[PDB]
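Shown here: work_34.csv, CSV, N, CA and C atoms.
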chain,number,residue,atom,x,y,z
A,1,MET,N,10.0,4.1,-33.2
A,1,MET,CA,9.6,2.6,-33.4
A,1,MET,C,10.8,1.7,-33.5
A,2,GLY,N,10.6,0.5,-33.0
A,2,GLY,CA,11.7,-0.5,-33.1
A,2,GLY,C,11.2,-1.9,-32.9
A,3,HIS,N,11.5,-2.8,-33.9
A,3,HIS,CA,11.0,-4.2,-33.9
A,3,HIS,C,12.1,-5.2,-33.5
A,4,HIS,N,13.2,-4.8,-33.0
A,4,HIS,CA,14.3,-5.7,-32.5
A,4,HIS,C,14.1,-5.9,-31.0
A,5,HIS,N,14.4,-4.9,-30.2
A,5,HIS,CA,14.3,-5.0,-28.8
A,5,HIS,C,13.0,-4.4,-28.3
A,6,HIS,N,11.9,-4.9,-28.7
A,6,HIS,CA,10.6,-4.3,-28.4
A,6,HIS,C,10.2,-4.6,-27.0
A,7,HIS,N,10.6,-3.7,-26.1
A,7,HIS,CA,10.2,-3.7,-24.7
A,7,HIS,C,10.3,-2.3,-24.1
A,8,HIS,N,9.1,-1.7,-23.8
A,8,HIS,CA,9.0,-0.3,-23.2
A,8,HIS,C,9.2,-0.4,-21.7
A,9,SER,N,10.0,0.6,-21.2
A,9,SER,CA,10.2,0.8,-19.7
A,9,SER,C,10.9,-0.5,-19.1
A,10,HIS,N,11.8,-1.1,-19.8
A,10,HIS,CA,12.5,-2.3,-19.3
A,10,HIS,C,13.7,-1.9,-18.4
A,11,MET,N,13.4,-1.6,-17.2
A,11,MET,CA,14.4,-1.4,-16.2
A,11,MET,C,15.2,-2.6,-15.8
A,12,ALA,N,16.6,-2.5,-15.8
A,12,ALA,CA,17.4,-3.7,-15.6
A,12,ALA,C,17.4,-4.2,-14.1
A,13,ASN,N,16.3,-5.0,-13.8
A,13,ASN,CA,16.1,-5.5,-12.5
A,13,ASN,C,17.0,-6.8,-12.3
A,14,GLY,N,18.1,-6.6,-11.5
A,14,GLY,CA,19.0,-7.7,-11.3
A,14,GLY,C,19.8,-7.6,-9.9
A,15,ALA,N,19.1,-8.0,-8.9
A,15,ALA,CA,19.7,-8.0,-7.5
A,15,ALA,C,19.3,-9.3,-6.7
A,16,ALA,N,20.0,-10.4,-6.9
A,16,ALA,CA,19.7,-11.6,-6.3
A,16,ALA,C,20.0,-11.6,-4.8
A,17,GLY,N,19.0,-11.2,-3.9
A,17,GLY,CA,19.2,-11.1,-2.5
A,17,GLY,C,20.2,-10.0,-2.0
A,18,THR,N,21.0,-9.5,-2.9
A,18,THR,CA,22.0,-8.5,-2.5
A,18,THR,C,21.4,-7.3,-1.9
A,19,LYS,N,20.2,-6.9,-2.3
A,19,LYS,CA,19.6,-5.7,-1.8
A,19,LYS,C,18.8,-6.0,-0.5
A,20,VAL,N,18.9,-7.2,0.0
A,20,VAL,CA,18.3,-7.5,1.3
A,20,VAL,C,19.4,-7.9,2.3
A,21,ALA,N,19.7,-7.0,3.2
A,21,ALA,CA,20.7,-7.2,4.2
A,21,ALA,C,20.3,-6.7,5.6
A,22,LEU,N,20.6,-5.4,5.8
A,22,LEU,CA,20.4,-4.7,7.1
A,22,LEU,C,19.0,-4.1,7.2
A,23,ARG,N,18.1,-4.4,6.3
A,23,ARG,CA,16.7,-3.9,6.3
A,23,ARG,C,16.0,-4.4,7.6
A,24,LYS,N,16.5,-5.4,8.2
A,24,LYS,CA,16.0,-6.0,9.5
A,24,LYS,C,15.9,-4.9,10.6
A,25,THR,N,17.0,-4.0,10.6
A,25,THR,CA,17.0,-2.9,11.6
A,25,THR,C,17.1,-1.6,10.9
A,26,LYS,N,17.4,-0.5,11.7
A,26,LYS,CA,17.5,0.8,11.1
A,26,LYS,C,18.9,1.3,11.1
A,27,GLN,N,19.2,2.6,10.8
A,27,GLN,CA,20.5,3.2,10.8
A,27,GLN,C,20.5,4.7,11.1
A,28,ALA,N,19.7,5.5,10.4
A,28,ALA,CA,19.6,6.9,10.6
A,28,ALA,C,18.3,7.5,9.9
A,29,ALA,N,17.5,8.1,10.7
A,29,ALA,CA,16.2,8.7,10.3
A,29,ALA,C,16.4,9.5,9.0
A,30,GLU,N,17.5,10.2,8.9
A,30,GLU,CA,17.8,11.1,7.7
A,30,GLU,C,17.8,10.2,6.4
A,31,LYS,N,18.3,9.0,6.5
A,31,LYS,CA,18.4,8.1,5.3
A,31,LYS,C,17.2,7.2,5.2
A,32,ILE,N,16.6,6.9,6.3
A,32,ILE,CA,15.4,6.0,6.3
A,32,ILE,C,14.2,6.7,5.6
A,33,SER,N,13.8,6.0,4.5
A,33,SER,CA,12.6,6.5,3.7
A,33,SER,C,11.3,6.6,4.6
A,34,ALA,N,11.2,5.8,5.6
A,34,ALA,CA,10.0,5.8,6.5
A,34,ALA,C,9.9,7.1,7.3
A,35,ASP,N,11.0,7.8,7.5
A,35,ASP,CA,11.0,9.1,8.2
A,35,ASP,C,10.5,10.2,7.3
A,36,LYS,N,10.5,9.9,6.0
A,36,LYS,CA,10.0,10.8,4.9
A,36,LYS,C,8.5,10.7,4.7
A,37,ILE,N,7.9,9.6,5.1
A,37,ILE,CA,6.5,9.3,5.0
A,37,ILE,C,5.6,10.4,5.7
A,38,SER,N,5.1,11.3,4.8
A,38,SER,CA,4.4,12.4,5.3
A,38,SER,C,2.9,12.1,5.5
A,39,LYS,N,2.2,12.7,6.5
A,39,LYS,CA,0.8,12.5,6.8
A,39,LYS,C,-0.1,12.6,5.5
A,40,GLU,N,0.0,13.8,4.8
A,40,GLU,CA,-0.7,14.0,3.6
A,40,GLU,C,-0.4,13.0,2.5
A,41,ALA,N,0.9,12.7,2.4
A,41,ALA,CA,1.3,11.8,1.3
A,41,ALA,C,0.6,10.4,1.5
A,42,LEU,N,0.5,9.9,2.7
A,42,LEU,CA,-0.2,8.7,3.0
A,42,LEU,C,-1.7,8.8,2.6
A,43,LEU,N,-2.3,9.9,3.0
A,43,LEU,CA,-3.7,10.1,2.7
A,43,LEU,C,-3.9,10.1,1.2
A,44,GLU,N,-3.1,10.7,0.4
A,44,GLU,CA,-3.1,10.8,-1.1
A,44,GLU,C,-3.0,9.4,-1.6
A,45,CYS,N,-2.0,8.6,-1.1
A,45,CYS,CA,-1.8,7.2,-1.5
A,45,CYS,C,-3.0,6.3,-1.3
A,46,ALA,N,-3.7,6.6,-0.1
A,46,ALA,CA,-4.9,5.9,0.2
A,46,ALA,C,-6.1,6.3,-0.7
A,47,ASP,N,-6.1,7.6,-1.1
A,47,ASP,CA,-7.1,8.1,-2.0
A,47,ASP,C,-7.1,7.4,-3.4
A,48,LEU,N,-5.9,6.9,-3.8
A,48,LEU,CA,-5.7,6.1,-5.0
A,48,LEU,C,-6.5,4.8,-4.9
A,49,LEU,N,-6.5,4.2,-3.7
A,49,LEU,CA,-7.2,3.0,-3.4
A,49,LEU,C,-8.8,3.2,-3.5
A,50,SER,N,-9.2,4.2,-2.7
A,50,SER,CA,-10.7,4.5,-2.6
A,50,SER,C,-11.2,4.8,-4.0
A,51,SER,N,-10.4,5.5,-4.9
A,51,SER,CA,-10.8,5.7,-6.3
A,51,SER,C,-10.7,4.3,-7.1
A,52,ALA,N,-9.6,3.6,-6.9
A,52,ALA,CA,-9.4,2.4,-7.7
A,52,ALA,C,-10.4,1.3,-7.3
A,53,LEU,N,-11.0,1.4,-6.2
A,53,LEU,CA,-12.0,0.4,-5.7
A,53,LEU,C,-13.4,0.7,-6.2
A,54,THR,N,-13.5,1.9,-6.8
A,54,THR,CA,-14.8,2.4,-7.3
A,54,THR,C,-14.8,2.4,-8.9
A,55,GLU,N,-13.6,2.6,-9.4
A,55,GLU,CA,-13.3,2.6,-10.9
A,55,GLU,C,-12.9,1.2,-11.3
A,56,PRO,N,-13.3,0.6,-12.4
A,56,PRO,CA,-12.9,-0.7,-12.9
A,56,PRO,C,-11.4,-0.7,-13.3
A,57,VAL,N,-10.6,-1.6,-12.7
A,57,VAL,CA,-9.2,-1.7,-13.0
A,57,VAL,C,-8.8,-3.2,-12.8
A,58,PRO,N,-7.6,-3.6,-13.4
A,58,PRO,CA,-7.1,-5.0,-13.3
A,58,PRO,C,-6.6,-5.3,-11.8
A,59,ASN,N,-6.7,-6.6,-11.4
A,59,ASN,CA,-6.2,-7.0,-10.1
A,59,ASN,C,-4.8,-6.6,-9.8
A,60,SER,N,-3.9,-6.7,-10.8
A,60,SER,CA,-2.5,-6.3,-10.6
A,60,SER,C,-2.4,-4.9,-10.1
A,61,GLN,N,-3.2,-4.0,-10.8
A,61,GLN,CA,-3.1,-2.6,-10.4
A,61,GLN,C,-3.7,-2.3,-9.0
A,62,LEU,N,-4.8,-3.0,-8.7
A,62,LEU,CA,-5.4,-2.9,-7.3
A,62,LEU,C,-4.4,-3.3,-6.2
A,63,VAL,N,-3.8,-4.5,-6.3
A,63,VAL,CA,-2.9,-5.0,-5.3
A,63,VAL,C,-1.6,-4.2,-5.2
A,64,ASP,N,-1.0,-3.9,-6.4
A,64,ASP,CA,0.3,-3.2,-6.4
A,64,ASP,C,0.1,-1.7,-5.9
A,65,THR,N,-1.0,-1.1,-6.2
A,65,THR,CA,-1.3,0.3,-5.7
A,65,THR,C,-1.5,0.3,-4.2
A,66,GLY,N,-2.3,-0.7,-3.7
A,66,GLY,CA,-2.5,-0.8,-2.3
A,66,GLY,C,-1.3,-1.3,-1.5
A,67,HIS,N,-0.5,-2.1,-2.2
A,67,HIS,CA,0.7,-2.7,-1.6
A,67,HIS,C,1.7,-1.6,-0.9
A,68,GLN,N,1.7,-0.4,-1.5
A,68,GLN,CA,2.6,0.6,-1.0
A,68,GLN,C,2.1,1.2,0.4
A,69,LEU,N,0.8,1.2,0.6
A,69,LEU,CA,0.2,1.7,1.8
A,69,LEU,C,0.8,0.9,3.1
A,70,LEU,N,1.1,-0.4,2.9
A,70,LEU,CA,1.7,-1.2,3.9
A,70,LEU,C,3.0,-0.6,4.4
A,71,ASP,N,3.9,-0.2,3.5
A,71,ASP,CA,5.2,0.4,3.9
A,71,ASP,C,5.0,1.8,4.6
A,72,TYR,N,4.2,2.6,4.0
A,72,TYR,CA,3.8,3.9,4.6
A,72,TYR,C,3.3,3.7,6.0
A,73,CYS,N,2.3,2.8,6.2
A,73,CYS,CA,1.6,2.6,7.4
A,73,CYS,C,2.6,2.0,8.5
A,74,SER,N,3.3,0.9,8.1
A,74,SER,CA,4.2,0.2,9.0
A,74,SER,C,5.3,1.2,9.6
A,75,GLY,N,5.6,2.2,8.8
A,75,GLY,CA,6.6,3.2,9.3
A,75,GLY,C,5.9,4.3,10.1
A,76,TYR,N,4.8,4.8,9.6
A,76,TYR,CA,4.1,6.0,10.1
A,76,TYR,C,3.4,5.7,11.5
A,77,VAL,N,2.9,4.5,11.6
A,77,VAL,CA,2.1,4.1,12.8
A,77,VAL,C,2.7,4.4,14.1
A,78,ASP,N,4.0,4.0,14.2
A,78,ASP,CA,4.8,4.2,15.5
A,78,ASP,C,4.9,5.7,15.9
A,79,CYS,N,4.7,6.6,14.9
A,79,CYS,CA,4.8,8.0,15.1
A,79,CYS,C,3.5,8.6,15.8
A,80,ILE,N,2.4,7.9,15.6
A,80,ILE,CA,1.1,8.3,16.2
A,80,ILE,C,1.1,8.4,17.7
A,81,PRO,N,1.0,9.6,18.3
A,81,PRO,CA,1.0,9.8,19.8
A,81,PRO,C,-0.2,9.1,20.5
A,82,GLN,N,-1.4,9.4,20.1
A,82,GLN,CA,-2.6,8.8,20.7
A,82,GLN,C,-2.7,7.3,20.5
A,83,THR,N,-2.4,6.5,21.5
A,83,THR,CA,-2.4,5.0,21.4
A,83,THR,C,-3.7,4.4,20.9
A,84,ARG,N,-4.8,5.1,21.2
A,84,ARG,CA,-6.1,4.7,20.7
A,84,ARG,C,-6.1,4.7,19.2
A,85,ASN,N,-5.8,5.8,18.6
A,85,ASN,CA,-5.6,5.9,17.1
A,85,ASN,C,-4.6,5.0,16.6
A,86,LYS,N,-3.4,4.9,17.2
A,86,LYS,CA,-2.3,4.0,16.8
A,86,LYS,C,-2.8,2.5,16.8
A,87,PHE,N,-3.6,2.1,17.7
A,87,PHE,CA,-4.2,0.8,17.7
A,87,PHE,C,-5.2,0.6,16.6
A,88,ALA,N,-6.2,1.5,16.5
A,88,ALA,CA,-7.2,1.5,15.4
A,88,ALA,C,-6.5,1.6,14.0
A,89,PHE,N,-5.3,2.2,14.0
A,89,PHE,CA,-4.5,2.2,12.7
A,89,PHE,C,-3.9,0.8,12.5
A,90,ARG,N,-3.3,0.2,13.5
A,90,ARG,CA,-2.8,-1.2,13.4
A,90,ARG,C,-3.8,-2.2,12.9
A,91,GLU,N,-5.0,-2.2,13.5
A,91,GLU,CA,-6.0,-3.2,13.1
A,91,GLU,C,-6.4,-2.9,11.6
A,92,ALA,N,-6.6,-1.6,11.2
A,92,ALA,CA,-6.9,-1.3,9.8
A,92,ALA,C,-5.9,-1.8,8.8
A,93,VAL,N,-4.6,-1.6,9.2
A,93,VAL,CA,-3.5,-2.1,8.3
A,93,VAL,C,-3.5,-3.6,8.3
A,94,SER,N,-3.8,-4.2,9.4
A,94,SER,CA,-3.9,-5.7,9.5
A,94,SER,C,-5.0,-6.2,8.6
A,95,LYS,N,-6.1,-5.5,8.5
A,95,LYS,CA,-7.2,-5.8,7.7
A,95,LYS,C,-6.8,-5.6,6.2
A,96,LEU,N,-6.1,-4.5,6.0
A,96,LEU,CA,-5.6,-4.2,4.6
A,96,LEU,C,-4.7,-5.2,4.0
A,97,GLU,N,-3.7,-5.6,4.7
A,97,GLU,CA,-2.7,-6.6,4.2
A,97,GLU,C,-3.4,-8.0,3.9
A,98,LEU,N,-4.3,-8.4,4.9
A,98,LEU,CA,-5.0,-9.7,4.7
A,98,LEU,C,-5.9,-9.6,3.4
A,99,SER,N,-6.6,-8.5,3.3
A,99,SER,CA,-7.5,-8.3,2.2
A,99,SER,C,-6.8,-8.2,0.8
A,100,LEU,N,-5.6,-7.6,0.8
A,100,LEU,CA,-4.8,-7.5,-0.4
A,100,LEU,C,-4.3,-8.8,-0.8
A,101,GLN,N,-3.7,-9.6,0.1
A,101,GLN,CA,-3.1,-10.9,-0.2
A,101,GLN,C,-4.1,-11.9,-0.6
A,102,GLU,N,-5.3,-11.9,-0.1
A,102,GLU,CA,-6.4,-12.8,-0.5
A,102,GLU,C,-7.0,-12.4,-1.8
A,103,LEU,N,-7.0,-11.1,-2.1
A,103,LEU,CA,-7.6,-10.5,-3.4
A,103,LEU,C,-6.8,-11.1,-4.6
A,104,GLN,N,-5.5,-11.0,-4.5
A,104,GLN,CA,-4.6,-11.4,-5.6
A,104,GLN,C,-4.7,-12.9,-5.9
A,105,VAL,N,-4.9,-13.7,-4.9
A,105,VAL,CA,-5.1,-15.2,-5.1
A,105,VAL,C,-6.6,-15.5,-5.4
A,106,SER,N,-7.5,-14.6,-5.0
A,106,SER,CA,-9.0,-14.8,-5.3
A,106,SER,C,-9.4,-13.9,-6.5
A,107,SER,N,-8.5,-13.5,-7.3
A,107,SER,CA,-8.8,-12.7,-8.5
A,107,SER,C,-9.7,-13.4,-9.4
A,108,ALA,N,-9.3,-14.5,-10.0
A,108,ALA,CA,-10.1,-15.3,-10.9
A,108,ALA,C,-10.5,-14.5,-12.2
A,109,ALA,N,-11.5,-13.6,-12.0
A,109,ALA,CA,-11.9,-12.6,-13.1
A,109,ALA,C,-10.7,-11.8,-13.6
A,110,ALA,N,-9.8,-11.4,-12.6
A,110,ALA,CA,-8.6,-10.6,-12.9
A,110,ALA,C,-9.0,-9.1,-13.2
A,111,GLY,N,-9.8,-8.9,-14.2
A,111,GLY,CA,-10.2,-7.5,-14.6
A,111,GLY,C,-11.7,-7.4,-14.7
A,112,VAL,N,-12.5,-7.6,-13.6
A,112,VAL,CA,-13.9,-7.4,-13.6
A,112,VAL,C,-14.4,-6.5,-12.4
A,113,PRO,N,-15.1,-5.4,-12.7
A,113,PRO,CA,-15.6,-4.5,-11.6
A,113,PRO,C,-16.6,-5.2,-10.6
A,114,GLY,N,-16.3,-5.1,-9.3
A,114,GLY,CA,-17.2,-5.7,-8.3
A,114,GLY,C,-17.1,-7.2,-8.2
A,115,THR,N,-16.2,-7.8,-8.9
A,115,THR,CA,-16.1,-9.3,-9.0
A,115,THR,C,-16.0,-9.9,-7.6
A,116,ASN,N,-15.2,-9.4,-6.7
A,116,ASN,CA,-15.0,-9.9,-5.3
A,116,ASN,C,-15.4,-8.9,-4.2
A,117,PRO,N,-16.1,-9.4,-3.2
A,117,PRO,CA,-16.5,-8.6,-2.0
A,117,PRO,C,-15.3,-7.9,-1.4
A,118,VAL,N,-14.1,-8.6,-1.5
A,118,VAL,CA,-12.8,-8.1,-1.0
A,118,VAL,C,-12.6,-6.6,-1.4
A,119,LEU,N,-13.0,-6.2,-2.5
A,119,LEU,CA,-12.9,-4.8,-3.0
A,119,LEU,C,-13.6,-3.9,-2.1
A,120,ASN,N,-14.7,-4.2,-1.6
A,120,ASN,CA,-15.5,-3.4,-0.6
A,120,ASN,C,-14.8,-3.5,0.8
A,121,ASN,N,-14.3,-4.6,1.1
A,121,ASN,CA,-13.5,-4.8,2.4
A,121,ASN,C,-12.3,-3.9,2.4
A,122,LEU,N,-11.6,-3.8,1.3
A,122,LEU,CA,-10.5,-2.9,1.1
A,122,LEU,C,-10.9,-1.4,1.3
A,123,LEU,N,-12.0,-1.1,0.6
A,123,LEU,CA,-12.6,0.3,0.8
A,123,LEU,C,-12.9,0.6,2.3
A,124,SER,N,-13.5,-0.3,3.0
A,124,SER,CA,-13.8,-0.2,4.4
A,124,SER,C,-12.5,0.1,5.2
A,125,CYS,N,-11.4,-0.6,4.9
A,125,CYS,CA,-10.1,-0.5,5.6
A,125,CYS,C,-9.5,0.9,5.2
A,126,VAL,N,-9.6,1.3,4.0
A,126,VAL,CA,-9.0,2.6,3.5
A,126,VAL,C,-9.7,3.8,4.3
A,127,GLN,N,-11.1,3.7,4.3
A,127,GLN,CA,-11.9,4.7,5.0
A,127,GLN,C,-11.5,4.8,6.5
A,128,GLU,N,-11.3,3.6,7.1
A,128,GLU,CA,-10.8,3.6,8.5
A,128,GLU,C,-9.4,4.2,8.7
A,129,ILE,N,-8.5,3.8,7.9
A,129,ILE,CA,-7.1,4.3,7.9
A,129,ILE,C,-7.0,5.8,7.8
A,130,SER,N,-7.7,6.4,6.8
A,130,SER,CA,-7.7,7.8,6.6
A,130,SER,C,-8.4,8.5,7.8
A,131,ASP,N,-9.5,7.9,8.2
A,131,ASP,CA,-10.3,8.5,9.4
A,131,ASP,C,-9.5,8.5,10.7
A,132,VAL,N,-8.7,7.4,10.9
A,132,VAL,CA,-7.9,7.3,12.1
A,132,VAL,C,-6.9,8.5,12.1
A,133,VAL,N,-6.4,8.9,11.0
A,133,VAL,CA,-5.5,10.1,10.9
A,133,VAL,C,-6.3,11.4,11.1
A,134,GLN,N,-7.5,11.4,10.7
A,134,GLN,CA,-8.4,12.6,10.8
A,134,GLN,C,-9.0,12.7,12.2
A,135,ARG,N,-8.8,11.7,13.1
A,135,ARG,CA,-9.2,11.7,14.5
A,135,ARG,C,-8.2,12.6,15.4
Translate the structure described by the file into structure tokens.
Amino acid sequence: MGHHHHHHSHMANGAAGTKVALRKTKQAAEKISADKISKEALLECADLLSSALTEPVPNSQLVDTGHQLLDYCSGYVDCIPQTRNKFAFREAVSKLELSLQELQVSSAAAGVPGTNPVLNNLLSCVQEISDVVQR
């Protein structure tokens, strides 16, 4: 216990733009985290959403948990050989990002189950994304 510096998990976040430089392009698949994005890993991350959209949780948790799927998808999508699936994957991700960004500003309730139809729209997108990989 401690009543002086009372802050749990306070990571020293301090990088004013410095960490944003050559992320515009690539460098080497070995170092690129996107090359590490595994098929099963993406499915498991999506499973967090399907669960989180059926269990009552705060808006922050919903958006932040789904927010990672965008990085996984944006990197993994180009690896998909079948262009049909790759396109169906693109649209699903496009639906996911729009739904997530509107959910955070349309929170209002913040922590109320079923509060916004957007939650079901997210679920629809997650089902599509996983199913595209299962095609």
Discussion item. Would you compute the distance between atom CA of residue A:52 and atom CA of residue A:90? Give it in Å to one decimal.
Written reply: 22.4 Å
Worksheet item: Out of A:129, A:23, A:100, A:77, which residue has the shortest atom-to-atom distance to residue A:65 when counting only C-alpha atoms?
Response: A:100
Give me the residues of stretch 101-129 of chain A that have any atom at most 8 Å from an atom of stretch 91-95 of chain A; for each, the nearest atom pair and the distance in Å, rounded to one decimal. Use only N, CA and C atoms, sort by chain and number, and format it as CSV.
residue,atom,partner,partner_atom,distance
A:101,N,A:95,C,7.9
A:121,C,A:95,C,6.9
A:122,CA,A:95,C,6.9
A:124,C,A:92,CA,7.4
A:125,CA,A:92,CA,5.3
A:126,N,A:92,C,6.8
A:128,C,A:92,CA,6.1
A:129,N,A:92,CA,5.7
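When the distance limit is 5 Å and only N, CA and C atoms are what count, the residues near residue A:58, minus those fewer than 3 positions from it on the same chain, are residues 61, 62, 110 and 111 of chain A.
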Fill in: Residues flagged alpha helix (DSSP H) by DSSP in stretch 22-76 of chain A, as a PyMOL selection string
chain A and resi 39-52+59-76
Please return the centre and edge lengths, in Å to one decimal, of a box with edges along x, y and z that contains all listed atoms of stretch 118-122 of chain A, widened by 8 Å on every side, as AutoDock Vina command-line options.
--center_x -13.0 --center_y -5.0 --center_z -0.3 --size_x 21.0 --size_y 23.2 --size_z 21.4
Practice prompt. Provide the atom CA of residue A:60 to atom CA of residue A:103 distance in Å, to one decimal place.
Written response: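 Taking atom CA of residue A:60 and atom CA of residue A:103, their separation equals 9.8 Å.
With distances taken over only C-alpha atoms, A:113 is the one residue among A:113, A:81, A:2, A:75 lying closest to residue A:56.
Going from atom CA of residue A:114 over to atom CA of residue A:74, you cover 28.1 Å.
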Practice prompt. Find the spatial neighbours of residue A:78, counting only C-alpha atoms, within a cut-off of 12 Å - ignore same-chain residues fewer than 3 positions away - and output them as a list in words.
Written response: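 Near residue A:78, the qualifying residues are residues 34, 35, 37, 72, 73, 74, 75, 81, 82, 83, 85, 86, 87, 89 and 90 of chain A.
Nearest-residue note for residue A:39: choosing from A:105, A:15, A:22, A:69, the minimum distance belongs to A:69, counting only C-alpha atoms.
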